[PDB]
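**Q** Got an experimental structure here, sequence first:
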Amino acid sequence: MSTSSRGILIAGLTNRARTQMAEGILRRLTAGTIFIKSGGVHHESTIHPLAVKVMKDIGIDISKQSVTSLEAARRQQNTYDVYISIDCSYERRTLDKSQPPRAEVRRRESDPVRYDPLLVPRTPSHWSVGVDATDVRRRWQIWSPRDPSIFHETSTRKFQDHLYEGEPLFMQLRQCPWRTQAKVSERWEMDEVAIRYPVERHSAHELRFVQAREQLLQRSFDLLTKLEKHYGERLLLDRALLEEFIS
Amino acid sequence: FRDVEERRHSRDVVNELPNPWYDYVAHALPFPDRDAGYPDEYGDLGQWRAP
Amino acid sequence: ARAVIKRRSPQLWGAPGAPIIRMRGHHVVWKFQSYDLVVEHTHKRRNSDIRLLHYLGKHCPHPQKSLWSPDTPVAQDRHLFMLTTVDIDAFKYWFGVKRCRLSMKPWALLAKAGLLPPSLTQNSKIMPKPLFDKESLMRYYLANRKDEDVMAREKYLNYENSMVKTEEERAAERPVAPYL
Amino acid sequence: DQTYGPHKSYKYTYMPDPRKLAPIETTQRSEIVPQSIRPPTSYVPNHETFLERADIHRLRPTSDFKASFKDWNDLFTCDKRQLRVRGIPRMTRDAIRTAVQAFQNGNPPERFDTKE
Amino acid sequence: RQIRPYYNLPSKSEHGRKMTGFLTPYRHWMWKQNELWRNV
Amino acid sequence: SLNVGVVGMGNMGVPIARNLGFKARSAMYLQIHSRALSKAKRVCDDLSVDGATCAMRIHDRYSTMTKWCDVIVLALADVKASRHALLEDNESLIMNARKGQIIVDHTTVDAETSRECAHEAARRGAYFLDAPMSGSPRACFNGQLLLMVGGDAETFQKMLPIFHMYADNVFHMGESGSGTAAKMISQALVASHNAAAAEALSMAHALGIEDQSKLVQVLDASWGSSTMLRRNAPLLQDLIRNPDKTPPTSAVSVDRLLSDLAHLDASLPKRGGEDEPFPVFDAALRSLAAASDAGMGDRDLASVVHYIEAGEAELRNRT
Amino acid sequence: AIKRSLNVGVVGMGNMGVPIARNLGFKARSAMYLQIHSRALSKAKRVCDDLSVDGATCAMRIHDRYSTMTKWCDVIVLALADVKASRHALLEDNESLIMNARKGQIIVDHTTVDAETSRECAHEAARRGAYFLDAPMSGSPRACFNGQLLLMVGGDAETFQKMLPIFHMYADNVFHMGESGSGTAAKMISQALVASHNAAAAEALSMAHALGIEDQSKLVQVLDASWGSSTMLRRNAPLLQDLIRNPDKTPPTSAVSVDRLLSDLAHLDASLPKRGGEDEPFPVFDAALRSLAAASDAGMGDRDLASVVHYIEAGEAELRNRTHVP
Amino acid sequence: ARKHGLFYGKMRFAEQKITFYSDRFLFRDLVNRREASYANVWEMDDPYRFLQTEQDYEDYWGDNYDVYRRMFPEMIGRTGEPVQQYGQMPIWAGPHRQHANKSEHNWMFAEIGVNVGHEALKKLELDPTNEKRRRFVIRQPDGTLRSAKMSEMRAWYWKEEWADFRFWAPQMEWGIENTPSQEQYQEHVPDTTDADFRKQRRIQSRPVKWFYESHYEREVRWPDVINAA
Amino acid sequence: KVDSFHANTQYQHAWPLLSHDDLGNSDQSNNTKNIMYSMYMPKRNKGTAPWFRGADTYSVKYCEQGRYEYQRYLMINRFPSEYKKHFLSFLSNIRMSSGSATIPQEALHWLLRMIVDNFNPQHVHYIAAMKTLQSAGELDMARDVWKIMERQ
Amino acid sequence: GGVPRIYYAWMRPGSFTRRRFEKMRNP
Amino acid sequence: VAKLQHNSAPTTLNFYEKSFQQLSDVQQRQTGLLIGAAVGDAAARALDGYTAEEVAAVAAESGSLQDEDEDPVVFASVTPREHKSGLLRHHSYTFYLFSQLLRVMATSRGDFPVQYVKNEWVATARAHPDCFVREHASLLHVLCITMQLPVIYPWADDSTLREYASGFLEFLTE
Ligand SMILES: [Mg+2]
């Protein structure tokens, strides 16, 4: 039967490793009955060759998939029902994208410096996520110096003063505060796996894809169980992957 | 909040570097230590008021 | 302390009050608006030719393109730039010796320079404010408190003076055999 | 077949400054610090209740714009430009944004109505 | 500015202000908590 | 405060009263009316056993509901039941309406029905709003419905906190009669996009494209994208590649779409001068009618793909 | 065996070719040598002049003959207007690119063509030893400026992996549909859905005017909340309402036209198989074809697709005449 | 770079200076600088010997030569200055305020004052071997406090738009007439007993960790072990 | 269509290598045929031209000088009542008792600012500074006061 | 007035610009 | 020469990658004695205390190299035994006194007496008494500490260097 779900968006920053594995897992468990669109912000990449091999160990072939942005789906943001943001945690996030991640803030229970859980609260889970880092969109602008309003020497359409006029094709990022308009909105915190650290073996870099695979198997099982109580239908049609996951 | 921060600062290896904006004051005298050329003590063209 | 109070700019404790570090603007449009980090009084002196106490610098709130990207490429060099001049010695003199006041915008600006901690109004909205109980605080204080002389010596180094001579320097500064 | 420009030995015939051709990288504040949305509590269960609790001033008619938002998340995600394009006056949208940012910091709108 | 919440002591007075500055002990306790967080 | 009264208990009538009993924390008084008093007592007992925060009343006639409640909301099964309850009964809600009452009808009725209901309510002094529901019964239980309210503007602004208790998307179409037309246009676009998706996937199988899972990804990012194209294509793939396979039954059926499409041709003006001033609308309607009488009426809306050529049978022979 | 840059050429400065060349001139920072071809050298000089004064990061080179464009480029990308110009530039000319292709070249066609043209182009490119990809583009020139174009690459997968860094400079959604001719069929299906959804949105807004709905934007929000949403409806509904409420108002000219969509649907009809010597019936698609033909026969084919509305019943006139002849 | 509708000229000299024929000492300085200079410098000479990698070779001569030559007027053994980073002062609020230093843009801060901001001492105020160097800081958008680059430090002064393509300082004569004597530097008579500022700066430089273990002549020894003894 | 009109009516192709001037000049070894044009320009400009003092260097003496070597000895005379007032002010500022608002180092500071402001510190100032620094236990600061007295 | 300030350098007899002007006004 | 920008390629591989181009030829050898000792001590940290047969057993148990992975001996992924105190899990105890001597040398702005670093070194040995009694007054540990002394002035002769180092060599053997 045609399902009542209008679509599933898997938002990311690069659409390279984690969102490609999440599209492959969610398509198998729903048996292709639900439209699933996985996209990112920076589309200038290919699917990682370890992301295809690790998914091939289960039997999922994501080699037919492709890296694509969500720019076609930002105009149709109100038409999709489910919105998933797969991004790294803000305590472990690094902006250079060339180092291993930092250590999170540790709290006391019942040598890293542990904090008090009453003095340092832990961002309680009943709150919602308004905008994520995956909720941006690209904005291309060009200020050409052949426009006589920009070529004039007293003009604010330049990012300098005395060097030149205009600016050739600069890119800025907007915000998309429409993830709360979706019916089901979740955020999945997973570490980065698409960038290899300073010196690290191929067996150790592949192991991070295996650990990111088991987290995506658990989170997709919790997502589809929530959506089965939301719509009221059966969305875990193929349970051949879950019997290896439960056992 | 002071002791936990000072222990975390002493265990951290990155923020143990010296900071010239925080560690010291470079100069506290009212006059600079070397001559920058100024003043001129003379007039120029179009200046009638001298001194 | 007037009969008819100036309704638009009220202050505290009369004029001229404590010296305060402010970020004053110009009467121009936003696209050419810049700010001056200045030290002035609590009430602005409009009857003087000396309208400020000290000028700490100029902040440009518009981001500039990084014109120095091919010099030495470091991490996050091609991002935009916010240019500001900060008089370090005059700020430390008016902050420590004269004990001036601070608005929240110069505090947030100087926290970016490494001179001050982040301000009280710079809120991390994902982390709530702490909750204090005296029993847990007493247990943590009795778990690890510093020694009395060590605390006194670190206070003496931080507040009183930090250049205290060693014994190897006292043995060097003392006179020698023709006078000793 | 010809190269563009009469010089034909230069990479750029107009010879601009090489800092013009330098790229500009970008990073949103959403990558630095996220924005969370608190759920409605028992004190403010709806968004019209949140607007009526914030109406304390005569010149800030906050309770006049209950129809300007669809639900709680639309009230708590709109910035001041989106309040401006919805047709809200300046003091009213400033009071709305201040009440939203105070509720985000942990301060519910508990203030005395100073109208009478 | 000193905040006047709705659950303060109301002054039933037609010749002045309608709400006093007399708090609740919960307001005293949470003000002490905010005082310590500023004291750090 | 305002007293609210919900009339009619069916498959869709119960969760509106359940959400009005849940979210109204004893501020707005709740009254329940039904076609039978036993069903009203049953739904009142069901609201009583699971936790009721507000007092609720049970009535067997519309007169006490009129004299007690300010706001009356109706959720019935068919058009003729709402026409009997609102206008044709002796103790009618609109013919005996109080001045200042607000009567909202959530049934998909014709345009003339909403027009005469608004006319009788405007002569009585009340305000009539037509707001037909779009959504699932479980989505109504979770609080997600689409409402297109037509009526007065300030009356619509008075009904926004009541409409937000059981619906997320509540829009104002304008004057009365514009809310009941929006559901007709919406289901007409649903039928047209379903027929277009069936024809497009039939031509995709005719051209010999073997990978449809990548075809929907590019077709969603093109200008010929639609939500029905995302919905029906995994079922349409199996219905095309296995034409002997019977389509499965769904919640939404061909007859459920044709029941709302049967209101549109009565609410439209006379087409007999040009005989077809709506090409793809009748091109989808004939395919749905050919799918209905062949035994596939109760099944899913993806059954149009076997009756695409049957939509040409009423065009070659009738001309 | 010289370590050098990639010679990348763009043939045809038209509606969509010049933003492709501008994106390749901006976003390729000293990694390629750009060639720009046109029939008139003044247009290529104008495009290279605007790229030089706006500030480009690569060196550019104008061409006026296909022979130097063949012998210079490692990668050739064609963005032309119609199938006839693409068939002339690829196969019919004496100096054409595929007929004189060197060993190892890669030729990508962004012009939407028929299936047999792409089949013969890929066959002659494989015969010469080169590679051919057919990747019909979907999007507006404003969407081409923002780098958001839709590409359906048919051809070799390793050539697709080689050409993805060039395809990601002006297109975000780039899919590999499979063998040669798959992307052309995908473009045909996409434009068939475009015409069908345009006719559906036209009839929807005519129903909205006939039933007395004043504003269209709230109807667009209602349809976005429900299952009746489509891209062409949200694209056309303000102009559809302004054309229906003002029934004498002439539509404006857009980048897409009735003639271009009719040419692409004619390619689709030439590429669609028949059963039993007769055409397979599709009622909604034939109804949209009748409306587009009635819009094009009145001289209103150069304007936007919304121009079908003032001739939609006229399309039925085109069928009704075809009923009364014996 | 030339604009369209106007004519341009050519500078005869870069600076308004006094001639070297006006004095014998300026003449001898010019002759001694020309002997220590090249006549034509190419890609293989000693001022271009810092280009040890072909990537640096293609970076310097390609697409940024007009920026790389405009860094410093005189040709030196490099093109700029090495970048070093500073330590962050401890924020006693802890992780409540650890997010606030990370921002969108780079925040550049420069020093001003009485001692700082004079262009005539500009190469003295950007000298890394000067204890009173003009302090610059740049907070990155990820919160890192680093120093400024050489062009970043020179951007805060007046423009210096000339370049020296001849003089190479390792070719200076040092054996016959250029002989700096230690007795000439001893004529200033720098003494530590007559002025205590140098020893005070040395005391301000050294760590003060001994003040906490003062009571723990007494001299500091290694910790004596009792488990191994 | 809005880009087809805006042509390059602003820029021009750059100067080639070994090019001449628009006035006909050229950078040769012989500049007798070349001329200067500084005398044809207007004499004063409101503002600063982009070529105004673009390459202007200063003397080496500014960058080879030591610290505080430019200060000449100025005999700043004043009234004797001003002498009494400033001596009493500095003597009261030295003798401030070290509480929570005053560290004892200020007793060394107000002596030093007495010499920076070109006053001769009397013997009572040295006596008060040494007694104030001995009362706070700062003996090396008192010996530094003695060294300040000897270096004067 | 009508003449620019560079007029005496442009039209000086023997210059490049004056010889170009005399050559183009009389070929 | 320049390739198409793909897979989000980084501009620089390290913070100080292009800062080493901004040093002289002697300053690259001055920092080579400092940074090269820091790289070498961190590479052999995980195999500290291993015998020659146990090091060869590490390279034998991992025989899968894709030619992008380096030698498994350098920066090994083996589990350490004492596994450590706080800071010493990345560098040895000899490097802790090496890093404290470098920190004094940077702030002293040149040559400096041994008394500036005496209180820094005895605080480490008081914190790690097990690593102190293993390595004190040995030829390997003393030589690794005083290795960084000719960075202060590399053109000095052996007579000046051994005179300056003798104040450091006596306290490390006392
Ligand atoms: Mg994708």
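**A** Here it is on my side, so go on. Residues are numbered from 1 along each chain as shown, chains lettered A, B, ... in the order given.

**Q** host element of residue 110?
**A** In the absence of a named chain, chain A is used. For residue A:110, there is no helix or strand it lies in under DSSP states H and E.

**Q** if you could check chain I rather than the one you did, that'd help
**A** Assessed by DSSP H and E, residue I:110 sits inside helix I:105-116.

**Q** Give me the neighbour count for the closest residue in space to residue K:77 that isn't next to it in sequence.
**A** The spatial neighbour of residue K:77 that comes closest, neighbours along the chain excluded (C-beta to C-beta, 6 or more residues apart in numbering or on different chains), is residue A:204 at 6.4 Å. (C-beta placed from N, C-alpha, C; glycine too.) The tally of other residues near residue A:204 (other C-beta atoms under 10 Å in any protein chain shown) stands at 13.

**Q** Confirm residue A:204 sits in a strand?
**A** No: read with DSSP: H, G, I helix; E, B strand; the rest coil, residue A:204 is helix and lies in no strand.

**Q** That one reaches residue K:72, doesn't it?
**A** No: here residue A:204 lies out of contact with residue K:72, judged by C-beta atoms under 8 Å, at a distance of 10.5 Å.

**Q** Can you tell me the centre-most residue of chain B?
**A** Relative to the mean C-alpha position of chain B, the nearest C-alpha, by C-alpha atoms, centre = their mean, is the one of residue B:26, at 5.0 Å.

**Q** That residue contacts residue H:125, correct?
**A** No: with contact defined as C-beta under 8 Å, residue B:26 and residue H:125 do not form a contacting pair (10.7 Å).

**Q** where's residue J:18, which helix or strand?
**A** Assigned by DSSP H and E, residue J:18 belongs to helix J:16-25.

**Q** hmm, stretch I:110-127 touching chain C?
**A** No: between stretch I:110-127 and chain C, judged by C-beta under 8 Å from any C-beta of the partner chain, nothing touches; the nearest distance is 11.9 Å.

**Q** now stretch D:76-84
**A** No: remark: stretch D:76-84 sits outside contact range of chain C, by C-beta under 8 Å from any C-beta, the gap being at least 11.3 Å.

**Q** now the end-to-end length of that stretch.
**A** The distance separating the two terminal residues of stretch D:76-84, taken as C-alpha to C-alpha, to the nearest Å, comes to 15 Å.

**Q** quick one: is it near chain F?
**A** No: no part of stretch D:76-84 sits near chain F under the criterion C-beta under 8 Å from any C-beta; the closest distance found is 14.8 Å.

**Q** Kindly report the same for stretch A:136-146.
**A** No: applying C-beta under 8 Å from any C-beta, one finds stretch A:136-146 separated from chain F by no less than 14.9 Å.

**Q** Can you tell me the element the residue sitting nearest the centre point of chain E falls in?
**A** For chain E, the residue whose C-alpha lies nearest the mean C-alpha position (C-alpha atoms, centre = their mean) is residue E:23; its distance is 4.3 Å. If you go by DSSP H and E, residue E:23 is not part of any helix or strand.

**Q** Can you give me the neighbour number for the closest residue to it other than its chain neighbours?
**A** Closest residue in space to residue E:23, ignoring its immediate chain neighbours: residue E:8 at 6.2 Å, by C-beta to C-beta, 6+ apart. Neighbouring residues of residue E:8 were enumerated by other C-beta under 10 Å; the total is 17.

**Q** Residue H:66 too?
**A** Taking other C-beta under 10 Å as the criterion, the count of residues near residue H:66 is 13.

**Q** So it sits against residue D:19, correct?
**A** No: using C-beta under 8 Å as the test, residue H:66 is too far from residue D:19 to be in contact (9.2 Å).

**Q** ok, the closest residue to residue H:194 other than its chain neighbours to residue I:94 distance?
**A** Of all residues not flanking residue H:194 in the chain, residue I:151 sits nearest, at 6.9 Å (C-beta to C-beta, 6+ apart). With distances defined as C-beta to C-beta, to the nearest Å, the gap from residue I:151 to residue I:94 amounts to 18 Å.

**Q** ok, those two, which is more surrounded?
**A** residue I:94 (26 against 11).

**Q** Just confirm residue A:127 contacts residue D:34, I think it does.
**A** No: applying C-beta under 8 Å as the test, residue A:127 and residue D:34 come out as separate, 10.4 Å apart.

**Q** shared neighbours of these two, which are they?
**A** With contacts taken as C-beta atoms under 8 Å, 6 or more residues apart in numbering or on different chains, not a single residue reaches both residue A:127 and residue D:34.

**Q** the more surrounded of the two?
**A** Legend: neighbour count by other C-beta under 10 Å for residue A:127 and residue D:34, higher for residue D:34 (23 against 14).

**Q** Please list the residues of chain C that sit near chain D.
**A** Those residues of chain C that sit near chain D, judged by C-beta under 8 Å from any C-beta, are C:65-67, C:69-70, C:76, C:78-80, C:123-126, C:128-129.

**Q** among the residues you listed, who's most crowded?
**A** residue C:66 (25 neighbours).

**Q** How many residues are close by residue 130?
**A** In the absence of a named chain, this looks at chain A. Applying other C-beta under 10 Å, I find that residue A:130 has 22 neighbouring residues.

**Q** I was after chain K.
**A** Neighbour tally, residue K:130, other C-beta under 10 Å: 13.

**Q** try residue K:36
**A** Residues lying near residue K:36 (other C-beta under 10 Å) number 11.
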